[PDB]
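I have placed the structure first, in the form of C-alpha cells, so that the comments after it can refer back to it.
Chain identifiers are assigned alphabetically (A, B, ...) following the order of the sequence lines, protein sequences preceding nucleic acid strands; residue numbering begins at 1 within each chain. Excluded from the calculations below are hydrogen atoms, water molecules and symmetry mates; all remaining heavy atoms, backbone and side chain alike, are included.
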Amino acid sequence: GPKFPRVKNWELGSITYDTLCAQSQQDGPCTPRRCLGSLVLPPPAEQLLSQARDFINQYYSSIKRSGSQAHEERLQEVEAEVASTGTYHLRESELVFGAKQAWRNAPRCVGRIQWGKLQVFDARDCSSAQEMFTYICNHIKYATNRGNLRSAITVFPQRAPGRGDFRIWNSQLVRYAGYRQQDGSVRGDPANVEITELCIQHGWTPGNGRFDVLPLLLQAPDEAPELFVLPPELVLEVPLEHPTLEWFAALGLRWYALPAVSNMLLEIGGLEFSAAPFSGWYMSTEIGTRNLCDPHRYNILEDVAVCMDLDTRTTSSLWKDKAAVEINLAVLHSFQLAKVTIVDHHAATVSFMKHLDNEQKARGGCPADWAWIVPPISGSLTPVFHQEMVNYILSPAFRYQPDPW
Amino acid sequence: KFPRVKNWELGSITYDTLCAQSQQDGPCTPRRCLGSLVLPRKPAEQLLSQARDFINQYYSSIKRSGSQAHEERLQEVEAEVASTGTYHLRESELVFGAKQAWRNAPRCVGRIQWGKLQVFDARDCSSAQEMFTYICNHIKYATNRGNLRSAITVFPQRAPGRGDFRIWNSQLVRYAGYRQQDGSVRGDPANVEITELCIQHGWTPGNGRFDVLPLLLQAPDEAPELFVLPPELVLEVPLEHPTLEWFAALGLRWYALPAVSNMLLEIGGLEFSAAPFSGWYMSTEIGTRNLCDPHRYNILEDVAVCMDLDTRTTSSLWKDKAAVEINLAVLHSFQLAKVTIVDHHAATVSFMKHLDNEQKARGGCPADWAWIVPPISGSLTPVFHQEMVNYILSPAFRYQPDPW
Ligand code: HEM
Ligand code: HEM
Ligand SMILES: CNCc1cc(OCc2ccc3ccc(N)nc3c2)ccc1Cl
Ligand SMILES: CNCc1cc(OCc2ccc3ccc(N)nc3c2)ccc1Cl
Ligand SMILES: C[C@H](O)[C@H](O)[C@H]1CNc2nc(N)[nH]c(=O)c2N1
Ligand SMILES: C[C@H](O)[C@H](O)[C@H]1CNc2nc(N)[nH]c(=O)c2N1
Ligand SMILES: [Zn+2]
C-alpha cells in the first residue's frame, strides 16, 4: 500500500514502513543496479544556507515552535550572518540539539537507545593545542567517572574560512601503541601502527609493551600538531581474567574503559566540526571479538584455543567459536568485577530493538546499517539479525574525514 | 562507475566490472539502501533480447562465438519467438543455464561448487505423478547414501495462459509443524501453513516433532496431489554430541538433503516455476538457524539448562555457549553418519577462493554480505572482512509467489 520502504521483522512477523527516509538530503553509495551496502568507506553560500535553514527548522520543530516569530527571526539571523561572513554560528542549545541528533542519526551505532543522554561540552572557545588537551582531560575524567561511564562529546571550534582546522590526529583518545618489529610482525595493536610512528616522528619516546597507551597528537589551526601524554591515572583500564579458566589472567590481557572516537567530523546545519571527540561505553564484542580476535588486530584466538586445549588443526572442532566465546565472557566478567560500565551484545541489541520501536513512533523510521548493527559473534542469536533495516544519511551527522597528514 | 572492493583483513583491493552486465534492478536507490530486505517489495522484443543474450553467453562458454552454429541457433530462437511468442532450450543450453544461475546466486556461500551440478531434464513431464517419479530419482541421486551430490531437476517451463507446474513445499524434505490450540507449535513453525495444506488435501498427520511432510505436487490448472516420500529415500541424522552424553536424549535430528523447491529458475527469458535443486548443508543452517531461531525449533534454553548454564542473565553468554555446542553436535553427528556437511569456517574459506576465481574469470562476483556471513562467529570467518557488491545477473534463481 504505502509508497515507502516496507520493513519486516522475520522473528515476530511484524511490518513497518519507513517514512523518515524521505527526509534524507544526501545520497548513499547504492543504485538500482548494484548494492554497495557492505562497503566500509564508500561552501557556496547557497548550499550552506539551505542546510542551515533545514537544521534551524529541525531545531524549532524539536522544541515545538515551528512557524513562530523566534523561528522566522532565527532564520533571518542565520541568513544575514552568512550574508556578511560566509558562515554562521550556532546558539548553545542548537549545538546540544545537533550533537544529539547526529548520534541519533548514526546508522552504524547500536547504542542509540541512549541518544537523549549525552553530555555536550561546548569547547568552541578553545584557541590552542594545550587548551585542547585540558578540555580532553576533562572529558576523560567526566566520561570515565571512576568506571560509572557517562556519554559525552566535547565540541571544538568549527571549520572556518581561510584558517586551518582543529584536529585530533589519533583515531580515539585512548589507543594502544603498535610497534612494527624487525621480523615484520607487530607488537601491540596493528590498527595503530601509523599513528604510533607519527607520534615517534613527533618526539615521543616509544615503549615496547603490547598495551602502551599512546600520547595525543593535537592540532590547533595552522600549526604543527603538539604531543600530549595522558596522565595514566586518567586512563582507566581493566585487566582481563576469566570466571572459571584460572590461567586466563596469566595472559596479561587488558583493555581501556573508554571508547572515545576522535577522528570523526560532526556536521550540523552545514557547519563542520573537524574536532569533536565523543565517547560512550563499550559493547563487549568490540573488545572481545574484534579488537582481541581479528586476524589483523591482536589475533589472540589460537593462543587462547591452545590454552583451552582445543583441536586447532581442524575447522570442524569449532575451536575458533569456543575460544571467542570465552574471550568475550572474560571481557564481561572483568568489566563487571571492576565495576566499569559495559554491555553484552544481547542486552545491547535488545535495547536497540526498543530504540527502533521508539523511533518508529517518534519519527516514522530509523536509519540503520544491518552489517554494523548485527554483532560479530552470535549474529542470529540476537533479535536485530531478524530485523530488516533501511539505511540512509540524515543530518546532523557524524562523518568520516581524511587524515590530517 | 566501477565499485572499488576492499578486503579489510589483507588490505587487498579489487574493482567489480561484472556488475555492468546486470540488466535487472535491485531494491536500493541513492536515497536509501534496502540490502537487508529478504524479499523484493513486489513484449516479445524483451524476451528476444534476453534470449539472444543467453544464447550469446552459451556459445561464448563453449568458445564458439560467431560460429555458424551460434548464428544458426540465434535464427532458430528468433524464428520461434516471432511465430509462437516463445521458444525452447536445447538440453546442453539448459545445463549451462542452470549452472550459471547457481553461479550468479548472490546469497549462496557454496558457489565454489557451481560447475559441478547434475542436471535432470524433466521437461517431458505431463502430470503430478510424473513429477513425483522425477523427484524420487532426484532424491536418490542427490543423497547417494550420504555422499551427497548437487543436483537440479527441471520441470516444464511456464507457458502463456496456462497454470504453472509447481511444488507447493518449500523444500523436498520438511518437518511438519502442528499448531496445538494452546498457542504453541509442535514441530517446525516454519511449516505450519504447508502442514495444514497437506492435511486438508487428505494427509493423515502425525503428532511428532520431526514428521516428514508429504509433497503437494501441481500440474497446470489442476488441484495439487499428495505424495508420501518412501522413508528409505529420506536420509536423516540423529543428533548427538561428542562429549555431552545427555545430548542424544533430546531426541534431535535433521535431514541430510537441503533441497529447495519453491524458487523459479529464469534462463534466457524462459521461466521454470518448478526446478528443485539440492546440495549439502552448511552446519550453521541446522545448528544455528533451524534449531536455535526463536521462531523455529528454539532449543537454546533447553540445551542451556542441560548444560547447567546461568539462564538468568544475558551476560553469562549462555546463549552463545549453547549454540556452539549444538553446532558441534550437528557436525559431529553428520561426520559420524558419513553424511556430507561443511562447517562455516571451511565454507567461507572456500567462498573466498571462489571470489578470487571469479575475479579472474568474470571481473567480479555478485554477493549478498548479510547472507554470506554465517549466523554465529561472523567476524571469525574471512568473509566478514570482505566488501561485496550485490547485483542481479541472469540466468538467475528468483523467488515467486506461493501457488495458493
Ligand atoms: C553509550 C553507549 C554506546 C554503545 C554501547 C555504542 C555502541 C556502538 C558500537 C558497537 C558501534 C560499532 C563500532 C565498531 O564496530 O567499530 C558504534 C558505532 C558508532 N557510534 Fe555508538 N555506542 C555508544 C555511544 C555512542 C555515542 C555517545 C556516540 C556519539 C555521540 C556514538 C556514535 C557512534 C557513531 C557515529 C558510530 C559509527 C562509527 C563508524 O562508522 O566508524 N555512539 N557504537
Ligand atoms: C553444494 C553445497 C552447497 C552449500 C554448502 C550451499 C550453501 C548455502 C547457504 C548456507 C545458503 C544460505 C541459505 C539459508 O540461509 O537458508 C545458500 C543459499 C542459496 N543457494 Fe547454496 N549451497 C550449496 C549448493 C547450492 C546449489 C546446488 C544451488 C543451485 C543449483 C544453490 C543455490 C542457492 C540459492 C539460489 C540460494 C539463495 C536462496 C534464497 O535466497 O533463499 N546452492 N546456499
Ligand atoms: C575510520 N576509523 C575506524 C575506527 C573506528 C573506531 O570505532 C568506531 C566507534 C565509534 C563510536 C563508538 C561509540 C561507542 C562504542 N562503544 N564504540 C564506538 C566505536 C575506532 C578506531 C578506528 Cl581507526
Ligand atoms: C520460503 N522459505 C525460504 C526458504 C529458504 C531455504 O533455503 C534456501 C536455500 C537454497 C539453496 C541451498 C543450497 C544448499 C544449502 N545447504 N542450503 C540452501 C538453502 C530453505 C527453506 C525455506 Cl522455507
Ligand atoms: C566488509 C564489512 O563491511 C566490514 O568488515 C564491516 C562489517 N560490519 C561491521 N560491523 C561493525 N559493528 N564494525 C565493523 O567494523 C564492521 N566491519
Ligand atoms: C533481516 C535479515 O536480512 C534476515 O534475517 C537475513 C539476514 N541474513 C541471512 N543469511 C542467511 N544465510 N539466511 C537468512 O535467512 C538470512 N536472513
Ligand atoms: Zn544497498
Side-chain angles (χ1 to χ4, degrees), chain B residues 86 88 94 98 118-143 151-179 185-236 255-266 270-278 397-404:
Chain B
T86 189
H88 300 76
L94 178 69
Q118 182 56 43
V119 176
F120 297 117
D121 188 355
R123 290 172 297 163
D124 80 324
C125 201
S126 54
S127 64
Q129 175 62 43
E130 288 177 348
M131 296 178 66
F132 184 59
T133 300
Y134 278 107
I135 279 164
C136 280
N137 293 336
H138 178 127
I139 289 163
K140 267 183 290 234
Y141 179 86
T143 302
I152 186 173
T153 297
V154 180
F155 288 108
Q157 65 205 55
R158 307 181 59 203
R162 188 214 66 199
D164 292 338
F165 286 83
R166 290 294 306 263
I167 295 158
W168 279 30
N169 316 47
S170 57
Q171 288 183 202
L172 302 181
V173 187
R174 293 255 96 193
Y175 292 133
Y178 310 113
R179 186 151 49 197
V185 163
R186 182 160 185 81
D188 191 347
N191 302 325
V192 169
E193 190 176 15
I194 188 63
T195 296
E196 290 179 355
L197 284 172
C198 287
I199 296 182
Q200 108 180 14
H201 283 88
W203 182 56
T204 293
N207 67 315
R209 301 189 74 192
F210 302 97
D211 297 332
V212 173
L213 284 169
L215 299 174
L216 280 164
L217 303 181
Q218 180 174 52
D221 305 314
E222 292 280 53
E225 294 166 42
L226 200 62
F227 298 89
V228 178
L229 293 164
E232 62 272 26
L233 282 209
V234 179
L235 181 53
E236 294 182 88
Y255 46 94
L257 195 67
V260 165
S261 48
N262 59 4
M263 293 197 82
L264 179 145
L265 167 55
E266 179 266 327
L270 298 181
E271 300 174 330
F272 302 88
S273 52
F277 56 86
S278 53
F397 288 103
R398 287 160 32 195
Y399 299 119
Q400 69 191 315
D402 296 295
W404 63 83

So, do [X] and [Y] sit near enough that their side-chain heavy atoms are less than 4.5 Å apart?
| X | Y | value |
| --- | --- | --- |
| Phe155(B) | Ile135(B) | yes |
| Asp124(B) | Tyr134(B) | yes |
| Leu226(B) | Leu216(B) | yes |
| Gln157(B) | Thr86(B) | yes |
| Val212(B) | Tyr255(B) | no |
| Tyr399(B) | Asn262(B) | no |
| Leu233(B) | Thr143(B) | no |
| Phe227(B) | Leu217(B) | yes |

_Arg174(B) versus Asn169(B), side-chain donor and acceptor atoms under 3.5 Å_ = no
*In terms of heavy-atom contacts, does CG of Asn207(B) have more than 12 from other residues, nucleotides or ligands at under 6.0 Å?*
no
*Of all heavy-atom pairs between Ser278(B) and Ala259(B), which one has the smallest distance, and what is that distance?*
CB-CB, 3.6 Å
*Tell me, which pairs form a salt bridge (charged side-chain N to carboxylate O under 4.0 Å, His left out) where one or both residues lie in residues 152-169 of chain B, sequence neighbours left out?*
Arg158(B)-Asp164(B), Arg158(B)-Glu271(B)
_For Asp121(B), salt bridge (charged side-chain N to carboxylate O under 4.0 Å, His left out) partners two or more places apart_ =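 Testing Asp121(B) for salt bridge (charged side-chain N to carboxylate O under 4.0 Å, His left out), a comparison that skips the adjacent residues, returns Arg123(B).
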